[PDB]
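Below is one structure, written out as structure tokens; comments come after it.
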Number of protein chains: 2
Amino acid sequence: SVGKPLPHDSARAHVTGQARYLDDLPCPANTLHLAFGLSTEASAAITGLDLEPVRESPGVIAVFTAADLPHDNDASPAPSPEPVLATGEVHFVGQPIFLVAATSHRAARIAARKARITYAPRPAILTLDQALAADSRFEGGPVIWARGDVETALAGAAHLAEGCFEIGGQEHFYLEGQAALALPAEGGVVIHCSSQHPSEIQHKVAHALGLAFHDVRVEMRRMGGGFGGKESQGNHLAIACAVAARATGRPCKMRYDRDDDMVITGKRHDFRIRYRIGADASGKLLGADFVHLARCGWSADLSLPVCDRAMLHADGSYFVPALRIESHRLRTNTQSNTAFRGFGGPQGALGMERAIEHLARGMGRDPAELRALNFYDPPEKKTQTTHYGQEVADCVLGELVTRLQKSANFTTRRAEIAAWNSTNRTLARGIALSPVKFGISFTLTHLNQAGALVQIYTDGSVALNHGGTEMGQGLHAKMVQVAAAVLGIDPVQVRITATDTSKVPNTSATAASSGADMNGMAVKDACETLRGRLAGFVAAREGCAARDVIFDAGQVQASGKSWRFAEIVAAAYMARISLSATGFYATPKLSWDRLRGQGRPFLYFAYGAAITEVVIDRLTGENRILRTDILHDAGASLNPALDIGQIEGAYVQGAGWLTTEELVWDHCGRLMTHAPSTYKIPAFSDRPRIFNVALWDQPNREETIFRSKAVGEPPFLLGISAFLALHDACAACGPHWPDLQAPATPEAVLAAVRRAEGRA
Amino acid sequence: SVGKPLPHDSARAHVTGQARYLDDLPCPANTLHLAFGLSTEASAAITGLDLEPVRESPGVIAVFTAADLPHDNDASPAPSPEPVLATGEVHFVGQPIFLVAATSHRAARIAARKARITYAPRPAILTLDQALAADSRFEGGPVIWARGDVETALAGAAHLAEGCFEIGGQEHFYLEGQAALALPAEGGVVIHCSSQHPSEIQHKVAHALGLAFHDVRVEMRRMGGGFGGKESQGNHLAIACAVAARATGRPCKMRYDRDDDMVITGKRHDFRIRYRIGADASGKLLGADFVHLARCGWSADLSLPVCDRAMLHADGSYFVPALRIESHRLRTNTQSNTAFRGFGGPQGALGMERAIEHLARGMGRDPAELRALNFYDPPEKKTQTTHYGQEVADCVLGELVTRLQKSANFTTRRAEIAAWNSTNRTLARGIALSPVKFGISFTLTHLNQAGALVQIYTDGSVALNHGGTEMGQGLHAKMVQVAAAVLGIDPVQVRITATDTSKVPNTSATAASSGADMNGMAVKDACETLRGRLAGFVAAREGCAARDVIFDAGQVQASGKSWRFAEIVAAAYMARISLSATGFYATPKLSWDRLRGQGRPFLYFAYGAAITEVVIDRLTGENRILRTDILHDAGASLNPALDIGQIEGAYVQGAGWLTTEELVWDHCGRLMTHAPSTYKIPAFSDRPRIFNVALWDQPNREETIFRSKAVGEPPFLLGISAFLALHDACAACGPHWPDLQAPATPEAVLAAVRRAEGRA
Ligand SMILES: Nc1nc2c(c(=O)[nH]1)N[C@H]1C(S)=C(S)[C@@H](COP(=O)(O)O)O[C@H]1N2
Ligand SMILES: Nc1nc2c(c(=O)[nH]1)N[C@H]1C(S)=C(S)[C@@H](COP(=O)(O)O)O[C@H]1N2
Ligand SMILES: O=c1nc2[nH][nH]cc-2c(=O)[nH]1
Ligand SMILES: O=c1nc2[nH][nH]cc-2c(=O)[nH]1
Ligand SMILES: [Ca+2]
Ligand SMILES: [Ca+2]
């Protein structure tokens, strides 16, 4: 079943509005609703906290403060704490300071605004330089990795390019907002939330309430979008909900209004990247030296892994004999940044990407050959390594880009464009090609495990359950498909159930594009046990050997006789053979050392390429993507439709990141862009007018679920091509380095134009 | 932990009203409430059905009729159907005809009464003779089993007794009544209910909705008692709930008001038992021939297995060279009878016990030696068999009864009584010893399976889950105990979860006193798995063998180091070892054939004995139990507290059965006793004033979880001593056979008195 383009498991339900998300679930009439009241300072001591106006507000029932917290007060996904309710001082504008449970969402919102709070302000750190200045950082100092000796390499280099440039963050904007609900259930709680990580929600709620893990059960059936935004900031909602619940005696739900959501949660780490890169006379890179300043926010969240991944991707798609990264994870008084599709990767990649382009302009070379010339070697003595020392044995980049350029009519188009430009004085088109190599697996190694539990009922139908969470990316269907493929029956007999830490325990968050790779195995593992039992039984019964019992298309065949799967199961039931099983999986071959920067942190890499073409307006910088062509490698895809879709969506999101998406804070730290009316994701019409997406269809070298390949994050990096192209257009307008910053808003583009035009 | 007298798992919650049973669960404001409208005819064709008044009644939302059922209309636990709504005709007073769904339980009841129905009455069959007469029956004819040649045997017997007697049914009176709730959950349903058989609730709900099983989940956390009454009559409530909820789009609950419950559900099968038994001059049984007429009601329900079980126990505790049974299972237009603690066994045993008393009286012998003399032989060439040919290899009655007689001062007490009676002309005391042997395992062999799913979280706590359902009998403690023992940690670390068919599938109803025998094994089975993975891991890590890793008391020990179980678990999680496992178990050695009456239908036999002392008043029949002494064999008890408890309570209920519980139908077939005000269970004061219960402590010969023994049903048979003792007091008043019938209400006793007295 694996391999066919079947629709998402809740397609119909989405499309008629029966699919329920969290705020849709029915709940008792006495359910309360909650809202945080937030700090209005970027950095201060809290000096007075009068809440009387709060308690007195209509419909309100309980109000909460760090002191009311019965046990832990900490939602951080990492060993250093992050209070859920402020403990004496605040650190960014948005930080929740107390919590309100009233008889209605509005009510709670309204009350949250009546507090009388006095602060003793303090100097605030809002910018990388400020941070740098004040040595405000995480991990007691920057992280440095080095392979070879760069300064040597670069001092003696025929060509060179130094450059510095800004990469702005990005707000997830998941259509369904953060949200959760908790229901006291004799002794313990049951939380429903919209999170990518129920096993953690469990852990944090448990600690928040002083309960052993077994007294807390998180169920989560679907999220309306997550993109990393829900890898951890689901914690504050769950904690508050469980805590209000334990106190008031009653169910408590909490959902952030959009404005709150954007102000409180984190975003993608914005980066400043400073690079020197250099090459040979023939164009082979000689070395690249990089410094990453990354804006993490006021607490650790997942900065640690994120910045590790960006370093880990600083080689972009190329082999480089010497390469250095110095990675500062700067602490600042603003939203605590966190995961976002790509998890650092795009930042590191775009780093190398910008440079190599700068390099190419420098030597009047065509960027594309320059790249193509430095891709890692194809597979099949001594294989090349990355700067962290992992052999790259499966890079099909050379082949693929070639194939893409042909199919995209790359060369010819390039000319048509030059011409067209030369005849225009107000508009310029530009086009670029960018590649992608992304590694698969958590860099924090022991997260790479998954479990599934499978049940077959006497009427032959099946209930599948696994650790992943469906956030729109088709995970469940793939897992259904794998299961139906391994048991030999039609998918229709397989039903998916909601994710539930009481059914599969100790899960990792659904992330690192590892949802399907791993859960897939786990389910397969369960289904294999089950199938095993069936064959054993059939065999003894029909005298003969298990391995000749065949399950296919809903039918079982043995010794010339054949029966319907149901008929087999019923009979195993009568025979008393267990029809239930768990299954589990752990990614092999991984080992690496973060501090040393050496090892094999990944199983295999994902690749792909994209050629985008755009036009810009020389007067105002207005601009847009006319056409894009992608060719991306999803292994032996488990579901081509489902994959094409992630590819298309990711691309858009990726581009979105480098074009109109822009975060802005005011001089006092306030988030100015905190609502769709001022934070602008790709709207329907920004879709490329011609959008060709196709897949490289080749098995994965490594032994993954049906030789497929993760496909959720990788494709997000194809967005770079858009930025690259945007920059090709500026370059066409003058002979200077456009030095286009990201995000490329029109103001930004217009600025690049002028530089290149030499008008300042 | 196994072996300690620990409290029930939910004792704190029982005692402060926090434990929630089904009607306590909170549910959405829009939930609807249901009630059936019932037939008022014992047997007729439904000719007209005006429901208009119903739809018109206040708060009503939907009304249903067989025609409205969307798919199956059948709630029977057996191959022949039993409609949930009546189809054209009715067969007893109480049979549900249509179904109302209103915005409140009262509203529903009230509307249920407004229908205008016209019937076309038919002759009804209400008594055994009638049915016998009309050849009204199930299984197309009686069932006969014969071992040896009885006629021959009897004909040539030094001693003989023929007698015939009635045994009455019994209403469960579970303190929480039948009840269920169904929640549409996108495409499928979730049922909560109060039932001993969630996997079946699943089956029937599914079939009624037209859904594969996998779209139906039943969760059942605890029942307020079941005693058999919830082995199958949970079905109608669940089907109706689900059906109403498919149609109205909203959650529907249904619980039966007492009066309804007693009129609609079934009761223990009342019996008429005819016998001839005969012996040697020395007292050894020669043969015994038995006829069982059994009133099953309008529909199959579980008559089939029940009646098999009575045949199965017609040998009571005695070896009998020849013995025959003809068992009629007669259909009648009354409540469809069903399971009840003992499931036929008591009726069968009572049968033999009456007869051997009759024989004893006939030969001027003391019943007690008569019995003592014919018990099966102890264990340790050719071992005796039962009349179904199953060797009885573990009968310790001899040893046990002896011990009981002595500890209870039997003989001296017998004398004290004779004297006392001789000085008394209005009161008479009676005393009697009665033994029990009870087979353990469903007689419908493939039912004897169970499964469990266990989880260990990274803080070391543990979530246990198995297929059995808690109904007051202590199953979840015993299961927690086994788990804690096998894993080597303190029980506090293990929490039980609600029975849930999406977690352990395809379960048998919890019954046959086999809840723990089996789930215990399965739970051991998963724990052993998990403890296996842990040892493996410690082994590898500390180099050494797994069999030397030791879990005890919450601590793990190997090569001279030790750590806390939780430290092991966390370490395993980081090593990426699955901490989840299912478990399964199927009882071995069983094989037997219903039709022939031959086989091993049981793993082992439960035994015990009870001596009861009573007084009756020769004027009105009033009477009461003064003192009871029991010695019962629970194997190596999994929890002596919990086991003494089942013995106590069961004794009471058993006596209850043969003394004040009495069912009564009027000429039209209407149940006259349908409420506690007229059906009378033992009340506090009818407890024996001196009530000594003690356990026989010997490991089971068979390999049962910790060598323990089922103790749910067997001990109910100890009630028979109460009846036998009431009969001894009658006997004490005259030289004639009292012919005491059951139930021995005071009317009944007085009647016996007079027979004995020759006063008619
Ligand atoms: N439609 C949709 N796709 C998505 C997301 C989402 O929230 N919605 N989250 C992304 C992120 S951050 C990851 S890490 C992958 C997860 O895919 P996977 O489960 O198979 O690993 O989904 C990507 N694709
Ligand atoms: N307190 C209590 N004890 C009880 C019952 C009950 O509803 N409540 N049901 C009886 C019946 S019919 C059976 S079959 C056993 C179940 O014992 P087991 O589950 O451990 O097999 O409960 C016996 N004892
Ligand atoms: O290496 C990681 N990659 C991720 N992608 N999305 C979430 C991720 C995470 O925790 N770690
Ligand atoms: O043999 C059985 N004995 C039972 N006791 N309680 C329920 C039973 C059943 O289904 N079968
Ligand atoms: Ca966010
Ligand atoms: Ca009943």
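Each chain of the structure tokens is named A, B, ... in the order shown, its residues numbered from 1; ligands are numbered from 1 in display order.
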
Show which residues sit within 8 Å of residue 392 (chain B), as number ranges by chain. Count only C-alpha atoms, and ignore same-chain residues fewer than 4 positions away. B: 376, 383-386

Please identify every residue of chain A that has at least one atom no more than 7 Å from any atom of chain B, counting only C-alpha atoms, and report them as a short mmCIF file (atom, residue, chain, number, x, y, z; two decimals) with N, CA and C atoms, in the first residue's frame.
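File produced: out25.cif:
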data_model
loop_
_atom_site.label_atom_id
_atom_site.label_comp_id
_atom_site.auth_asym_id
_atom_site.auth_seq_id
_atom_site.Cartn_x
_atom_site.Cartn_y
_atom_site.Cartn_z
N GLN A 18 -15.88 18.23 10.14
CA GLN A 18 -16.15 17.38 11.25
C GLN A 18 -14.85 17.09 11.98
N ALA A 19 -13.69 17.28 11.37
CA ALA A 19 -12.50 16.91 12.12
C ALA A 19 -12.51 17.78 13.33
N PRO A 26 -16.07 18.59 22.97
CA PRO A 26 -17.18 18.96 23.85
C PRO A 26 -16.66 18.96 25.24
N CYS A 27 -17.10 19.83 26.16
CA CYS A 27 -16.61 19.67 27.54
C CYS A 27 -17.62 20.12 28.51
N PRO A 28 -17.52 19.63 29.73
CA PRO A 28 -18.58 19.84 30.73
C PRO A 28 -18.98 21.29 30.85
N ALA A 29 -20.20 21.58 31.31
CA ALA A 29 -20.61 22.97 31.44
C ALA A 29 -19.71 23.69 32.42
N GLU A 186 -9.98 11.48 39.10
CA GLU A 186 -9.69 10.82 40.37
C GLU A 186 -8.23 10.55 40.65
N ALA A 212 3.53 11.23 40.24
CA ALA A 212 4.33 10.32 39.42
C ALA A 212 3.83 10.34 37.97
N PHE A 213 4.66 10.02 37.00
CA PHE A 213 4.14 10.01 35.67
C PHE A 213 2.92 9.16 35.46
N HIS A 214 2.83 8.00 36.10
CA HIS A 214 1.67 7.22 35.75
C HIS A 214 0.32 7.91 36.07
N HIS A 446 19.74 10.02 21.79
CA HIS A 446 18.77 9.08 22.34
C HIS A 446 17.30 9.42 22.05
N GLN A 449 14.00 7.17 18.98
CA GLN A 449 13.27 5.91 19.20
C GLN A 449 11.77 6.09 18.95
N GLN A 455 -3.61 -3.52 17.36
CA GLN A 455 -4.58 -4.53 17.77
C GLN A 455 -5.38 -5.05 16.61
N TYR A 457 -8.86 -6.96 15.82
CA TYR A 457 -10.08 -7.48 16.41
C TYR A 457 -10.71 -8.75 15.69
N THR A 458 -11.62 -9.48 16.34
CA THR A 458 -12.08 -10.71 15.67
C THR A 458 -12.77 -10.50 14.34
N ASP A 459 -13.15 -9.29 13.94
CA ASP A 459 -13.87 -9.13 12.69
C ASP A 459 -12.82 -8.75 11.73
N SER A 461 -10.75 -6.25 11.70
CA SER A 461 -10.36 -4.85 11.46
C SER A 461 -9.24 -4.63 12.35
N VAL A 462 -8.56 -3.50 12.20
CA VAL A 462 -7.38 -3.20 12.99
C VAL A 462 -7.31 -1.80 13.52
N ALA A 463 -6.68 -1.62 14.67
CA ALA A 463 -6.52 -0.30 15.31
C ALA A 463 -5.05 -0.11 15.50
N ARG A 495 -7.58 1.44 11.20
CA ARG A 495 -8.08 2.74 11.71
C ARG A 495 -7.04 3.48 12.52
N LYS A 503 -0.80 4.61 25.80
CA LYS A 503 -0.76 3.53 24.87
C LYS A 503 0.65 3.32 24.36
N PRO A 505 4.42 4.62 25.34
CA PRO A 505 5.11 5.46 26.26
C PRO A 505 6.48 5.93 25.87
N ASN A 506 6.86 7.02 26.51
CA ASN A 506 8.22 7.51 26.45
C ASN A 506 8.62 7.95 25.11
N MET A 574 -10.17 -18.18 18.06
CA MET A 574 -10.65 -19.40 18.69
C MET A 574 -9.54 -20.24 19.19
N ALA A 575 -8.39 -20.11 18.57
CA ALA A 575 -7.28 -20.94 18.96
C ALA A 575 -6.54 -20.33 20.13
N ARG A 576 -7.00 -19.15 20.55
CA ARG A 576 -6.31 -18.44 21.61
C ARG A 576 -4.91 -18.02 21.17
N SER A 578 -2.78 -14.60 20.86
CA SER A 578 -2.92 -13.18 21.10
C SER A 578 -2.94 -12.37 19.84
N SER A 580 -2.50 -9.03 19.88
CA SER A 580 -2.16 -7.63 20.15
C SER A 580 -0.65 -7.52 20.19
N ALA A 581 -0.05 -6.38 19.81
CA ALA A 581 1.41 -6.33 20.00
C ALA A 581 2.01 -5.00 20.06
N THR A 582 3.12 -4.83 20.74
CA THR A 582 3.76 -3.57 20.64
C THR A 582 4.90 -3.78 19.72
N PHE A 584 8.71 -1.40 18.37
CA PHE A 584 9.57 -0.31 18.86
C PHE A 584 10.69 -0.18 17.90
N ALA A 586 14.86 1.93 17.00
CA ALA A 586 15.93 2.81 17.48
C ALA A 586 16.86 3.07 16.33
#

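Distance-wise, CA of residue 94 (chain A) and CA of residue 344 (chain A) end up 24.0 Å apart.
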
Pick out the residues no farther than 6 Å from ligand 3, counting only C-alpha atoms and all ligand atoms, and list them as a list in words.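 With only C-alpha atoms and all ligand atoms and a cut-off of 6 Å, ligand 3 is contacted by residues 228, 339, 341, 342, 343, 442, 443, 511 and 512 of chain A.
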
With 10 Å as the cut-off and only C-alpha atoms and all ligand atoms counted, what is the closest atom pair between each nearby residue of chain B and ligand 4? Distances in Å to one decimal, ordered by chain and number, as a tab-separated table.
residue	atom	partner	partner_atom_place_in_ligand_line	distance
B:77	CA	ligand 4	10 (O)	9.7
B:196	CA	ligand 4	7 (C)	9.2
B:197	CA	ligand 4	10 (O)	9.9
B:226	CA	ligand 4	6 (N)	9.9
B:227	CA	ligand 4	6 (N)	7.6
B:228	CA	ligand 4	6 (N)	5.5
B:229	CA	ligand 4	6 (N)	9.1
B:230	CA	ligand 4	7 (C)	9.3
B:231	CA	ligand 4	7 (C)	6.6
B:232	CA	ligand 4	10 (O)	9.2
B:302	CA	ligand 4	10 (O)	7.4
B:304	CA	ligand 4	11 (N)	9.7
B:305	CA	ligand 4	1 (O)	6.2
B:306	CA	ligand 4	1 (O)	6.8
B:307	CA	ligand 4	1 (O)	9.6
B:308	CA	ligand 4	1 (O)	8.3
B:309	CA	ligand 4	1 (O)	6.4
B:310	CA	ligand 4	1 (O)	9.8
B:312	CA	ligand 4	1 (O)	9.8
B:338	CA	ligand 4	7 (C)	9.1
B:339	CA	ligand 4	7 (C)	5.7
B:340	CA	ligand 4	6 (N)	6.4
B:341	CA	ligand 4	6 (N)	5.8
B:342	CA	ligand 4	5 (N)	5.9
B:343	CA	ligand 4	5 (N)	4.8
B:344	CA	ligand 4	3 (N)	8.0
B:345	CA	ligand 4	3 (N)	8.4
B:439	CA	ligand 4	1 (O)	8.7
B:440	CA	ligand 4	1 (O)	7.9
B:441	CA	ligand 4	1 (O)	6.2
B:442	CA	ligand 4	1 (O)	3.9
B:443	CA	ligand 4	1 (O)	4.6
B:444	CA	ligand 4	1 (O)	6.8
B:445	CA	ligand 4	1 (O)	8.9
B:447	CA	ligand 4	10 (O)	8.1
B:448	CA	ligand 4	11 (N)	9.6
B:508	CA	ligand 4	10 (O)	8.2
B:509	CA	ligand 4	10 (O)	6.8
B:510	CA	ligand 4	7 (C)	7.1
B:511	CA	ligand 4	7 (C)	3.9
B:512	CA	ligand 4	5 (N)	3.2
B:513	CA	ligand 4	5 (N)	6.0
B:514	CA	ligand 4	5 (N)	8.1
B:515	CA	ligand 4	6 (N)	9.8
B:601	CA	ligand 4	1 (O)	9.4
B:602	CA	ligand 4	1 (O)	9.6
B:712	CA	ligand 4	5 (N)	8.9
B:713	CA	ligand 4	5 (N)	7.3

Name the residues in contact with residue 357 (chain B) at a cut-off of 12 Å, using only C-alpha atoms, excluding same-chain residues fewer than 5 positions from it; report them as a PyMOL selection string. chain B and resi 160-163+275+277-278+350-352+362-371+432-434+720-721+723-725+727-728+731+737-740

Can you pull out every residue within 6 Å of region 117-129 of chain B, counting only C-alpha atoms, but drop anything in the same chain fewer than 3 positions away, and send it as a ChimeraX atom specification? /B:43-49,132-133,332-333

Can I get the selection written as a PDB file, in the first residue's frame, with C-alpha atoms?
ATOM      1  CA  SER B  43     -46.878 -12.792  24.737  1.00  0.00           C
ATOM      2  CA  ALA B  44     -48.600 -11.090  21.867  1.00  0.00           C
ATOM      3  CA  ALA B  45     -48.427  -9.610  18.487  1.00  0.00           C
ATOM      4  CA  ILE B  46     -48.127  -5.871  18.322  1.00  0.00           C
ATOM      5  CA  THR B  47     -50.893  -4.582  16.346  1.00  0.00           C
ATOM      6  CA  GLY B  48     -50.816  -0.876  16.722  1.00  0.00           C
ATOM      7  CA  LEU B  49     -48.177   1.537  17.941  1.00  0.00           C
ATOM      8  CA  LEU B 132     -42.817 -28.997  29.503  1.00  0.00           C
ATOM      9  CA  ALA B 133     -46.335 -29.573  28.333  1.00  0.00           C
ATOM     10  CA  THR B 332     -41.028 -19.392  29.000  1.00  0.00           C
ATOM     11  CA  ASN B 333     -42.368 -15.967  28.574  1.00  0.00           C
TER      12      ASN B 333
END

So which residues of region 423-596 of chain B fall under strand (DSSP E) by DSSP, listed as a count of residues only? 51
